[PDB]
Ligand SMILES: CN(C)C(=O)[C@@H](NC(=O)c1cnccc1-c1ccc(C(F)(F)F)cc1)c1cc(C(F)(F)F)cc(C(F)(F)F)c1
């Protein structure tokens, strides 16, 4: 059964109506967030293991929009339970995504590659 | 930054510039990989444009694509376009594995490997 996906800009991957773009130039969390904002987007937000099962295929670790009450996303929403295994890697208030559905606590100032996400 | 729809594609496939891609991690020889994609109304990965398929720069590891040597051409019988892939020998054979960036590694067609299927409506 075929269906259309998006909408998304042309250079973004579309999957279950979310749009993803990988950035390989390393930036700290704040610079990564600013980069995504300049593309009318945000850093990766993880909300569903089903809608976002493609994240099982992501290799290496990349900034997502999770920051430190509890951890929260850029949009102010809380991290849903039973989505990510949080592991402590560095003293930090930001998190990297790693497969499969892990979040590494990371110094916000450390340069990393990053994933932007859009949903119209 | 202009928005457009991508596809159509089945829901469990990645869509990029209106092509649909699916990665398969259960390793199969080239022929069984071809048959698996066919059972999904698809073919093994065909590389026809660096610009429309620039996401392939981000593909890690090595995966069957639909490129074969008649003792190079694609499953559909079309010939490999120039200026697309750098073909490197690895294991004696008549089939090729895709690797980043826009490389093809020659591989025995009977060797089990992961594979990428591609659909286009
Ligand atoms: C599945 N295999 C065998 C890989 O090679 C994976 N590579 C990396 O994740 C990968 C490897 N090095 C650098 C960057 C990436 C990467 C990071 C974020 C995204 C995202 F923007 F999507 F979030 C996509 C790729 C892979 C996974 C996926 C996805 F989306 F399913 F996760 C798509 C591809 C693509 F089609 F683009 F090539 C490749």
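Below is a table of values for the structure above.
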item: Residue identified as in contact with a strand residue (DSSP E or B) (Cβ under 8 Å, 6 or more places away or on another chain) and more than 14 Å from chain A (Cβ to nearest Cβ) among B:105, B:48; result: B:105
item: Total residues in the stretch B:1-40, condition at the interface with another protein chain (Cβ under 8 Å from one of its Cβ atoms), under 14 Å from the mean Cα position of the chain (by Cα) and either surrounded by fewer than 18 Cβ atoms within 10 Å (Cβ to Cβ) or over 17 Å from residue B:58 (Cβ atoms) (or both); result: 1
item: Residue list for the stretch A:78-103, filter: within 12 Å of the chain's Cα centre (by Cα) and either more than 22 Å from residue A:49 (Cβ to Cβ) or outside any loop (DSSP other than H, G, I, E, B) (or both); result: A:94, A:95, A:96, A:97, A:98, A:102, A:103
item: Some residue of the stretch A:70-84 being within 14 Å of chain B (Cβ to nearest Cβ) and on the phi < 0 side of the Ramachandran plot; result: no
item: Boolean, residue B:57 is part of a helix (DSSP H, G or I) and within 29 Å of residue A:54 (Cβ to Cβ); result: yes
item: Total residues in the stretch A:51-69, condition within 14 Å of the ligand (Cβ to nearest atom), more than 10 Å from chain B (Cβ to nearest Cβ) and within 21 Å of residue A:93 (Cα to Cα); result: 5
item: Residue A:78 being exposed (fewer than 12 other Cβ atoms within 10 Å of the Cβ) and over 15 Å from residue A:116 (Cβ atoms); result: yes
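Here the Cβ is made from the backbone with ideal geometry for all residues, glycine too, and neighbour counts use every protein chain on show. Coordinate-derived values only; no laboratory data.
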